[PDB]
Every structure is written in structure tokens, then in C-alpha cells.
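Below you'll find the structure, written out as C-alpha cells, and then a few comments.
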Amino acid sequence: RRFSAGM
Amino acid sequence: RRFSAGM
Amino acid sequence: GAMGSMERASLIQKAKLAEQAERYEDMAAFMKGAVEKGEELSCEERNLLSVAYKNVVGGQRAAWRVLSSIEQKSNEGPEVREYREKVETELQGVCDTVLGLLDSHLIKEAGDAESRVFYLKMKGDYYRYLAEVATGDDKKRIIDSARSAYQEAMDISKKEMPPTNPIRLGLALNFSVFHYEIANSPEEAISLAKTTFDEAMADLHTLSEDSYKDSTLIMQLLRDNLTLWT
Amino acid sequence: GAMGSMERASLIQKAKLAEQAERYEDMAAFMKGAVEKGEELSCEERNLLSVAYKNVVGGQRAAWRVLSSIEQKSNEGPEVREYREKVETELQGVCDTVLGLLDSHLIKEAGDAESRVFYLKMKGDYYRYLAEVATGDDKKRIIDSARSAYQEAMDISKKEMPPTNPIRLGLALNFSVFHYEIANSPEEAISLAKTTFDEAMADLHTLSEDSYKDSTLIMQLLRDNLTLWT
Ligand SMILES: N=C(N)c1cc(-c2ccccc2)c(CNC(=O)c2cccc3c2OCC3)s1
Ligand SMILES: N=C(N)c1cc(-c2ccccc2)c(CNC(=O)c2cccc3c2OCC3)s1
Ligand SMILES: [Cl-]
Ligand SMILES: [Cl-]
């Protein structure tokens with residue numbers, strides 16, 4: 001699963 | 001930490 | 001109850017969905033609604049009830065322990081105490097809700113050993129969670145209420161269930177934790193864990209491969225506690 | 001607001017406690033109360049706001065995806081759709097609350113680049129979460145609202161912040177995810193991630209060891225997405 005900033 | 005049944 | 005307009009079967013279906021979604025507060029609300037329909041619960045339904053509230057109260061207990069430790073360190077403004085109290089009050093409310101479901105009217109309608117022992121173990125468990133945070137005039141009575149529920153469950157389970165029964169094993173495990181850290185009876189805790197483990201061991205030969213896996217999983221928790229305690 | 005009677009400083013202190021206790025709904029309620037006091041937020045306070053709502057909405061999004069998948073499989077009674085709708089509605093309510101805090105009045109009072117870019121990124125993020133579940137007459141407008149907030153944040157960050165700034169990097173990361181999976185613009189997503197990574201690389205030499213660690217942590221997320229996408 002792709003990363004976004006909060007993760 | 002000791003185990004109880006639910007864990 | 002906010003779940004009074006939903007069908008029993010839909011509440012059970014949605015509890016299973018909420019478990020898959022890791023939405024345990026929803027799961028508990030759905031299972032509370034199912035209980036309040038007034039019918040007895042099946043084995044599977046009892047497990048859904050147990051899993052839901054175990055996860056809800058488990059998050060609260062873990063938070064309470066973090067906050068209590070911080071509070072203790074700070075006693076070696078009012079905000080830490082206030083927030084620990086807030087979490088504690090919410091936790092007590094959950095325990096009171098569960099105990100209310102057991103008293104109105106799950107236990108009195110439970111005649112079979114598997115259901116009656118399950119519910120009496122749960123009653124002991126939720127009085128034990130109340131005892132973990134108790135400090136005032138009623139703490140001794142809270143402790144004795146947990147003990148009394150566990151004891152009745154033990155008496156039935158010893159008469160009516162084989163020593164490898166997973167409900168019997170989980171009951172003994174939790175009663176042993178009660179002895180160790182609530183009742184300040186570590187020797188009783190160790191003796192119960194050892195006797196439970198040894199009598200289950202000697203009964204494993206009667207089991208199917210699946211039952212064997214079920215029982216030995218819980219036996220391993222007994223063993224791990226004995227290793228921590230000795 | 002239920003937090004109107006609590007001091008601002010106590011709300012911030014309790015938000016930090018709730019983070020330590022992993023009580024993120026409480027954390028968000030405390031930070032909402034702090035915002036509603038009407039003062040601007042510090043860097044640390046902005047991060048507490050962001051962490052609290054990220055964890056709340058993150059649990060809801062993860063649950064929604066589980067339920068949506070189950071619902072899809074079941075279309076290859078009404079309970080699955082109903083429960084997915086319940087979670088979706090709760091999620092939308094959280095996004096609306098956050099967007100309401102940004103519009104009343106965090107963004108208009110934010111003059112510094114670090115605060116204005118932080119809040120505009122958040123506005124893009126929460127419209128993006130709305131877009132993840134959107135299907136009706138307003139989905140295109142929801143998508144354009146996310147794009148518009150991200151774009152203004154990008155314009156400011158490029159003028160006012162170095163290419164290694166962690167807020168700038170996290171903004172570009174999330175705008176690139178927006179392009180990839182919301183706007184159906186995977187080439188734009190890849191181009192933005194690569195250009196952001198390369199320009200940050202060339203600026204690392206200006207940084208302290210601590211800042212270097214901060215920036216390269218987020219660069220690694222850009223790289224990992226590029227590896228997934230190419
Ligand atoms: N939804 C859930 N979480 C469950 C649904 C059912 C279920 C019950 C009957 C019929 C169908 C399903 C569960 C049954 N018990 C366990 O998993 C479990 C836990 C601890 C120890 C043991 C266990 O099994 C026996 C040994 S758990
Ligand atoms: N309570 C919390 N969770 C935090 C408190 C503070 C804080 C801020 C200012 C002063 C004191 C504390 C935080 C600061 N930023 C991060 O951690 C962070 C996250 C992503 C990327 C980067 C980050 O740092 C710069 C690079 S996070
Ligand atoms: Cl509080
Ligand atoms: Cl529902």
C-alpha cells in the first residue's frame with residue numbers, strides 16, 4: 001500500500 | 001506481562 | 001436501546017462485520033442490542049459478545065495503566081489525575097454495562113454448563129477489571145464478587161466439563177491471574193495454574209487433532225505464566 | 001463545545017497524555033477544544049491536531065475499505081451496505097469537523113508559510129478522504145477542492161520553503177498520492193514524486209544531522225511510492 005505523509 | 005484468556 | 005429497532009439476526013451479522021473492520025465499540029453495541037432481544041445466546045454469539053467487550057475494555061485498561069503510571073511518577077496541576085479519572089470512569093461504565101447484561105438476564109437463563117460457566121467467568125473477569133482500578137470503601141466487596149463468580153464457575157466446570165475444555169482452561173487461567181495480582185495470593189495462583197496444566201495434559205489423549213490444538217493453545221498460556229511467576 | 005470550560009493549556013496537556021495512552025478520539029476532542037479557543041496554534045500544537053485526526057480518520061478509512069470490499073464481493077440483505085454507510089457517514093463527519101476548524105478560522109489567520117502550508121495541506125488531505133468515498137453529484141467538486149488546496153500549498157511552499165522542508169515534502173507526497181489514486185493522473189503523480197525527491201537530494205548538503213534525518217525519512221516514502229508505481 002502506497003505511503004502518505006501521516007503513515 | 002502475564003496472560004489472561006482474552007489475550 | 002438504540003438497537004431496539006434492528007433485527008436480532010442483522011445485529012449479529014453486523015457484529016461480525018465490525019469484528020472484520022476492527023470496529024470493536026460498534027461490535028459491542030451490536031452485541032448488547034442482540035442480548036437485549038431477550039433470547040439466549042449461542043456458543044458463537046457468546047464469543048462475539050466476549051471478543052467485543054474484551055477489546056473495548058482492553059483499550060481502556062491499557063490507557064488507564066499508562067495514565068496511572070504517569071500520575072504515580074508525578075507524585076514522587078490536576079490534569080493527569082483528571083484525565084486518568086475520565087478514563088477510569090468510562091472503563092467502570094463498560095464493566096457495569098457488561099455486568100448488567102449478565103445479571104439481566106443471561107446468567108439466570110443459562111442452564112447448560114458451557115453457557116453458565118462462560119457467563120460466570122465473564123462476571124468474574126469484569127469484577128476483576130473493576131478491582132484493578134478500585135481504591136475506596138467497596139474495593140474488598142468488588143474483589144469478593146469476582147472471587148465468588150470465579151468460584152461458582154470453577155465448581156460447575158470441575159463437575160461438568162473435561163479438564164481440557166477450553167472454557168474451563170481459560171477460566172482457570174483468569175482465576176489464577178486474579179489470585180496472583182488482585183488477591184495477593186501468588187501461591188494459590190501458581191498451584192491453580194500447575195494443577196490445571198497437569199490435569200489437562202493427562203486428558204489430551206482423548207482429543208481430536210483440532211481439539212488438541214484448541215486446548216494446548218491455552219495450556220501454553222498457563223505455562224508461560226508459571227515461567228514468569230517461578 | 002464540551003471543552004469550552006477547560007483551559008487551553010490543560011487541553012493541550014491532556015492531548016499529549018491521550019497520545020501517550022493511544023486514546024486518539026480523546027486527543028482529537030481536546031485539540032478541537034484548543035482550536036476553538038480562537039488563538040493561533042504553535043508548530044507543536046499543529047502537529048498534535050494533525051496526529052489526533054489522522055489516527056481517528058485512519059481507523060475509519062481502514063474500516064471503510066474492509067466493508068467496501070465485502071460489499072463489492074456481495075454484488076458479484078441490506079446489512080453490509082447499511083454498515084458501510086454508517087462508517088462512511090461517521091468518517092464524513094470527522095472530515096467535515098476538520099475542514100470546519102480550518103475554515104473557522106485557522107487558515108485565514110495563518111500568515112507564516114509554515115502554518116499556512118500546513119493547514120492548506122490538511123485541507124487537501126481531508127477533501128481527499130471525502131473523495132475516497134464520494135460517488136454522487138458533488139464528487140467532482142470534492143476532488144477539485146482537494147486539488148485547489150494542495151495547489152495553493154504547493155505554490156507557497158515552492159516560494160517560501162527549501163526543498164528539504166519536511167512540511168513541503170509531506171505535502172508533495174500527499175499531492176502525488178492524490179494525483180495517482182484520486183485524479184487518475186499516475187504520470188503526474190510519478191513526475192511530482194521524482195522531481196520532489198531529486199530537488200530534496202540536491203539540498204541535503206545544507207542540513208544539520210538532525211534535519212538530514214527528518215528530510216531523508218520522508219524522501220524514503222517518496223522513493224518507496226516510485227518503486228511501487230514504476
Ligand atoms: N468471531 C469470533 N471471534 C469467534 C467465533 C467462534 C465460533 C464458535 C462456534 C461456532 C462458530 C464460531 C469462536 C469460537 N472460539 C474461539 O475462537 C476460541 C477462543 C479461545 C479458545 C478456544 C476457542 O475455540 C475453542 C477453543 S471465536
Ligand atoms: N506529539 C507529537 N506527535 C509531535 C510533537 C512535535 C513537536 C514539534 C515542535 C516542537 C516540539 C514537538 C512533532 C514535530 N514533528 C514530527 O514529529 C514530524 C513528523 C513528520 C516529519 C517531520 C517531523 O519533524 C520534522 C520532520 S510531532
Ligand atoms: Cl479530562
Ligand atoms: Cl448499521
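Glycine gets a Cβ as well: all are built from the backbone with ideal geometry, and neighbour counts include every protein chain shown. Coordinate-derived values only; no laboratory data.
Given contacts defined as C-alpha pairs under 8 Å and at least six residues apart, what's the relative contact order of segment D:143-188, whole-number percent? Could the numbers behind the result be given before it?
On the way: 22 pairs, mean separation 15.7, N = 46.
Relative contact order of segment D:143-188: 34 percent.
For chain C, what does the alpha-carbon gyration tensor say about shape, rounded, prolate or oblate, given a ≥ b ≥ c as the root eigenvalues, a/c under 1.5 as rounded, and a/b over b/c as prolate?
On the way: a/c = 1.73, a/b = 1.08, b/c = 1.60.
Note, shape of chain C comes out oblate.
Of all GluC sites (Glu not before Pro) in segment D:1-41, which ones are in loop regions per DSSP and have a Cβ with at most 11 other Cβ atoms within 10 Å?
Those that pass, being in a loop and sparsely packed, are D:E39.
Tell me, what are the semi-axes, in whole angstrom and largest first, of the equivalent ellipsoid of the protein assembly as shown as set by the roots of 5 times the Cα gyration tensor eigenvalues?
Numbers: eigenvalues 452, 135, 106 Å².
With the √(5λ) rule applied to the protein assembly as shown, the semi-axes are 48, 26, 23 Å.
What ranking of D:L49, C:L11 emerges when the number of other C-beta atoms within 10 Å of each C-beta is taken as an exposure proxy, fewest first?
Numbers: D:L49 26, C:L11 22.
In increasing order of surrounding Cβ atoms, one gets C:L11, D:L49.
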